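Presented as structure tokens, the chain that follows is alone, the form deposited in one PDB entry.
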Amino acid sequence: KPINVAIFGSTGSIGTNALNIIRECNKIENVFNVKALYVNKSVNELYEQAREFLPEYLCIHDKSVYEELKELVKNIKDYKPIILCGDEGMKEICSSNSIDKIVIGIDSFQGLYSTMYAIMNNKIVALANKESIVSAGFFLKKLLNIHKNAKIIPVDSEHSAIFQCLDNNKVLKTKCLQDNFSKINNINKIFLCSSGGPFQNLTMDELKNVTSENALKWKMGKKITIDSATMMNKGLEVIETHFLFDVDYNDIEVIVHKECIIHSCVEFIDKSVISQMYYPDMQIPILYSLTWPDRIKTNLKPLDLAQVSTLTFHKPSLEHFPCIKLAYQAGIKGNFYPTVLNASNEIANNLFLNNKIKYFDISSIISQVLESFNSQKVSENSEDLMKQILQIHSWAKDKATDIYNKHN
């Protein structure tokens, strides 16, 4: 009866939101069993979570804090968890027959590995990590074609919104990242809403001067926070939309909705538009990924539309946010251009965060790597396709670093 769940990246923003909504849902009845928690190196924060949730499995990626973890956990009386580490641990958890659903709240391209293995074990993958889908979308489509009972359920807020707007009567006849998804669901077009980030109203001259301090000083991972500022986040989410829902790029329209109430909208083939709305929130997206196709009761504050009072919508300027344009170009070009987009952005984002480059150098570096990349024949087998993705990802990161290094 309980839904058996793993939380990967349990100590981050998504992971902590997941555990928060699970805690509330488990007050009276045993709705969810937290069977596994996995982190990189936050061994103290993992210990505190273990003390509360007492999962069968704990896993740390960083083997150097494995002893610390083991030492900490022996303070918890009558608790005998399976304590694992690294990729071997991740795969052991994905293989467990005692796990139904896995929340992927690991950041960056790194989230791909556990997403892949979750799929290969026919799990429900509640995927917040968008870099996986951007970098490896065609590959995930192939994996999901092989592993017939695996499913990706979107957690990224706009993609959860879109998914919620659909008729589950049709959703149930397909699954995300499957050819024909949009046909089966009668999808015509997507309005992909955006906060527009901190720099949305700056002039060109002002935007030239922005720094990461400006962008940093809502609340979440720092990487996604810089991506929100450049609107590369929205760029990635465009490609995420394409893959998840089989919607053509010309039918994805970015809309800046600064009140962040309408989370995104779906236009059907009759031109009726359905939208999902709430306060800016990740608890509903996370919970829904784990209850779909059902909903369960929460005690979240109800939307007070009268108090919100006013909702606004405008088109983003591609001159001010050229990262959006680069993401459409990469997506439309297909092949491995999204891999290269994602990888070069990982580097450009980090350079800007650490005050090494300017705002417009972000899009400049990305554009330059994209222009440099030569299309490659797509490997027909899964294993070769994955190695190909890894090689191109690494290449693109090194290329971006080399561009940075050469022009300074």
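Superpose the two forms; the largest set of C-alphas matching within 1.5 Å is the rigid core. In case it trips you up, residue 1 is the first one in the sequence shown, and so on.
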{"query": "Where residue 217 meets residue 218 in the shown sequence, the number of deposited residues left unmodelled", "finding": "1 to 3"}
{"query": "Of 61-69 and 353-361, the stretch whose C-alpha atoms average the higher B-factor in the entry", "finding": "61-69"}
{"query": "Selected stretch [higher average CA B-factor]: 45-53 or 368-376", "finding": "45-53"}
{"query": "Criterion, highest CA B-factor; candidates, 241, 283, 209, 289", "finding": "209"}
{"query": "Top residue by Cα temperature factor, when 259, 227, 92, 253 are compared in the entry", "finding": "92"}
{"query": "Among modelled residues of the same chain, the CA temperature factor third for residue 307", "finding": "middle"}
{"query": "Residue 178 by Cα B-factor - lowest, middle or highest third of the modelled chain", "finding": "highest"}
{"query": "Position of residue 319 among the chain's modelled residues by C-alpha B-factor, lowest, middle or highest third", "finding": "middle"}
{"query": "Entry-reported Cα temperature factor of residue 390, expressed as the chain third it lands in", "finding": "highest"}
{"query": "Ranked against its chain, the third holding the CA B-factor of residue 222", "finding": "highest"}
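Beyond the structure shown, there is the form deposited in another entry, which is absent from this document and is the topic of what follows.
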query: Core-aligned CA displacement of residue 56 at least 2 Å between this form and the one not shown; finding: no
query: Core-superposed C-alpha of residue 34 shifting 2 Å or more between this form and the one not shown; finding: no
query: C-alpha of residue 205 off by 2 Å or more between this form and the one not shown on rigid core; finding: yes
query: Cα separation of residue 106 and residue 352 in that other deposited form versus here, shift of 3 Å or more; finding: farther
query: Inter-Cα distance between residue 38 and residue 353 in that other deposited form, nearer or further [3 Å or more]; finding: farther
